[PDB]
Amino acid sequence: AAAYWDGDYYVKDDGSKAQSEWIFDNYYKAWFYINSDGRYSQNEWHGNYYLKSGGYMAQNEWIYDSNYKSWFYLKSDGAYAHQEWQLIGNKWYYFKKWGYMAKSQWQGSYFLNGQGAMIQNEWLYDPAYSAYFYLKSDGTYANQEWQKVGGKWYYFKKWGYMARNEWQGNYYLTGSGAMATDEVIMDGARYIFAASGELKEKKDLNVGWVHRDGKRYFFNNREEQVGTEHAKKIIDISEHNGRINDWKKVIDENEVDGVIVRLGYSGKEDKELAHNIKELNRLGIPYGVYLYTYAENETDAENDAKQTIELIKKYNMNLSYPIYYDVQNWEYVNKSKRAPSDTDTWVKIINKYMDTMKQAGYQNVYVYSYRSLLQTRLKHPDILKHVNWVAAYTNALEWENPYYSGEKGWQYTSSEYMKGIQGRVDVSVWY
């Protein structure tokens, strides 16, 4: 009867065109903003309000704005939510200054996931703080308190840091954070815990590298001698240990018989390789080397072998210990690729590496891996025949390999501290 749309323009009750003003259209039951040129706004903002395609003011709804690359939420009056929480579709969301939805980030004691929702009853590893946090049922981080999560007990310190490798009263939180319910061997002692977690007893032990009756032996955490008086202490080092300031100190003070040096991984040289080889050669310290593989197939394996050979000659390496193909359940950082799961593919990968190295004149070449992989994915006679260095950070290795006989190593720890090295060190007993 009265006001009406004329293309981009709006003719009001008085017969004049709208200009620089909001109008409410009863037919559409929506608000529209008319600009100074008399045309309605659309697919754009006006102050605190967003005008959708066709001009309709957004209200009680999400809008994704591709210019800002952000979600926004327009409230009951159309105004964007900002510096405030909103319960939407039965989930809590936080809006920052200027209305940008919070995502993958903290808001005080709450954490918003990648879709903006406040998380509840979830673990969060936050690399920004380098620790685990647990967001409770109410969304707040567990703090100075116990929480039972998935059948196990965890303790959270001040500021919510998950306790690990440490005591909280009568309870010990293990490396996973889980409360000990069994036994823990540490500090040269065995700690015995009730099923409910409380410490019951501590029994002194004399395990590890021990000098007894004029000779040196290695005892596992079951107090069993591993090897003979000639058992050797071998560390393995990489750029991850940083630059070693004084190698001679490391060797003498820790009684280290030899070193396995990381070459790098498929396609990349280790940052400390050059320095490590230089020093180990200069001091006549016995060493071997290892390459962490990201191989998927035989081509990758032959390339791994070529890289290995290239580095050996480049640095004039004098190899007292073997060349090691370090085989693990690898996965790219960006998760774009992961190791082949089938045994037969690894049989081909491993044997191509071996054959290539052998053809190049290197006969002292073996596989390193961890016990569980060797019991599963790598359990094949043509793989196991090459395996003589095995990782298991356990009380005993208790693993048999009928396919290899001779000198071998057990990497029993990745958490040893040694004089002259910053941080934790991998150590093996060679027997």
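Note that residue numbering begins at 1 and tracks the sequence as displayed.
Novice: With respect to the recorded C-alpha B factors, which stretch has the higher mean value, 392 to 400 or 22 to 30?
Specialist: Taking the mean C-alpha B-factor of 392 to 400 and of 22 to 30, the larger value falls to 22 to 30.
Novice: On mean Cα temperature factor in this entry, is 98 to 106 or 122 to 130 the higher one?
Specialist: Result of the comparison: 122 to 130.
Novice: For the CA B factor values reported in this entry, which option in 330, 111, 72, 290 has the top one?
Specialist: Of the options given, 330 has the highest CA B-factor in the PDB entry.
Novice: Among 227, 116, 340, 197, single out the one with the highest C-alpha B factor in the record, please.
Specialist: The listed residue with the largest C-alpha B-factor is 340.
Novice: Ranked by Cα temperature factor within the chain, is residue 319 in the lowest third, the middle third or the highest third?
Specialist: According to the entry, residue 319 has a C-alpha B-factor in the chain's middle third.
Novice: Taking the C-alpha B-factors as the PDB entry records them, is residue 52 in the lowest, middle or highest third of its chain?
Specialist: CA B-factor rank for residue 52: lowest third.
Novice: Splitting the chain's C-alpha B-factors into thirds, which one does residue 35 fall into?
Specialist: For residue 35, the deposited C-alpha B-factor lands in the middle third.
Novice: Check where residue 86 lands among this chain's C-alpha B-factors and tell me if it's the lowest, middle or highest third.
Specialist: Middle third.
Novice: Would you mind ranking residue 65 by its C-alpha B-factor against the rest of the chain and naming the third, lowest, middle or highest?
Specialist: CA B-factor rank for residue 65: middle third.
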